There are 2 protein chains.
Amino acid sequence: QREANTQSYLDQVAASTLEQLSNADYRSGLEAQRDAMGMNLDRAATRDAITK
Amino acid sequence: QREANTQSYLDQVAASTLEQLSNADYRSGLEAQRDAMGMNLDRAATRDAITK
């Protein structure tokens, strides 16, 4: 379940257009979703995702 | 729990603006927060975080 949760989050960032991620209001909410799942994710493989 | 503490610290440094880290007063407190948790962290993958 933890693995599935991690991939479910990562898909959202993977399926966003560059213009959206550039705007610093979409990414605020997008990374607030990962700050509310607590440690039910893999917080070491979902940190430098957006930028990457 | 130790792993959780490590990730929780690393997130703070990873979610800071470059201008904030450049100013040598924010990073003082930021790296003082890792000198009070003692050996309850991973002090090997935690020292050269601000510079990276």
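Throughout, read-outs are computed from the coordinates displayed, never taken from laboratory work. In this analysis, Cβ positions are derived from the backbone assuming ideal geometry, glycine residues included, and neighbour counts consider all displayed protein chains.
Some observations on this one:
- Taking the fewest neighbouring Cβ atoms within 10 Å as the starting point, the ordered list for B:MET37, A:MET39 is A:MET39, B:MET37.
- Shape summary of the protein assembly as shown, radius of gyration then Dmax from alpha carbon positions: 15.0, 43 Å.
- Percent of C-alpha pairs per 10 Å bin in the stretch B:5-52, short distances first: 25, 62, 14.
- The sum of -39500 (n - 2.57) across all DSSP H runs of n ≥ 4, divided by the residue count of chain B, sets its helix-only mean residue ellipticity at 222 nm to -13000 deg cm²/dmol.
- On Cα atoms only, tilt of B:2-14 relative to the major axis of chain B in degrees: 10 degrees
- Residue of chain B whose Cβ sits closest to the axis mapping B onto A, with distance in whole Å: B:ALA45, 20
- Separation of the stretch B:34-52 from chain A is 24 Å, based on Cα centroids.
- Distance in nm between pseudo-label sites at B:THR17 and A:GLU3 (7 Å out along the Cβ direction from Cα): 4.1 nm
- Exam field: A:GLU19 pseudo-label spacings to other copies (7 Å along Cα-Cβ), nanometres: 2.7
- Once C-alpha pairs closer than 8 Å and six or more residues apart are averaged by separation and normalised to the residue number of chain A, the relative contact order reads 56 percent.
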